[PDB]
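Just the one chain here, the form deposited in one PDB entry, laid out as structure tokens.
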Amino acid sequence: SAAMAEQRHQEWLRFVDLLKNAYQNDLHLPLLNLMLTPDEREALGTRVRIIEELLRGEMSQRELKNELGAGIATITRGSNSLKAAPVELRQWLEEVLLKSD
């Protein structure tokens, strides 16, 4: 249903915009503690590390599984989503997540 998809999209943007405003008001931490579960906070921290290591290029995917405790399916999702991302985002992530050499 296109109508239901439109409703889901509007609801998602409401979250995005709410959080934007929370950051501007220094309310982001309490908002994220309200809106997410502990397990989802843990998952998001792990996903940042997966991205950082995929961009770095030192560890193979099976080495990452072993080192981070994340399964191969999880790592593969990360890799495919990173390959699909806009170049501008990948370039920015390389600037922010990796140390200068």
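A residue's number is simply how far along the shown sequence it sits, counting from 1. Basically, rigid core = biggest C-alpha set you can superpose within 1.5 Å across the two forms. Residues that one form lacks are left out of the comparison.
As for the form deposited in another entry, it is not shown, yet the points below apply to it.
> After the core is overlaid between this form and the one not shown, has the C-alpha of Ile50 moved by 2 angstroms or more?
Result for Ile50: no, shift under 2 Å.
> Comparing between this form and the one not shown on the rigid core: C-alpha of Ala85 shifted by 2 Å or more?
Moves: yes, 2 Å or greater.
> Quick one: core overlaid, is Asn33 moving 2 Å or more at the Cα between this form and the one not shown?
No, its C-alpha moves less than 2 Å.
> Quick one: in that other deposited form, is the Cα gap between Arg56 and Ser60 smaller or bigger than here? Answer closer or farther; it shifts by 3 Å or more.
Pair moves closer in that other deposited form.
> Closer or farther: the CA pair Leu55/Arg62 in that other deposited form, versus this form, with a change of 3 Å or more?
Nearer in that other deposited form, by 3 Å or more.
> Can you list the runs of 3 or more residues whose CA atoms move by 2 Å or more between this form and the one not shown, with the rigid core superposed?
After superposing the rigid core, the only shifted stretch between this form and the one not shown is 58-98.
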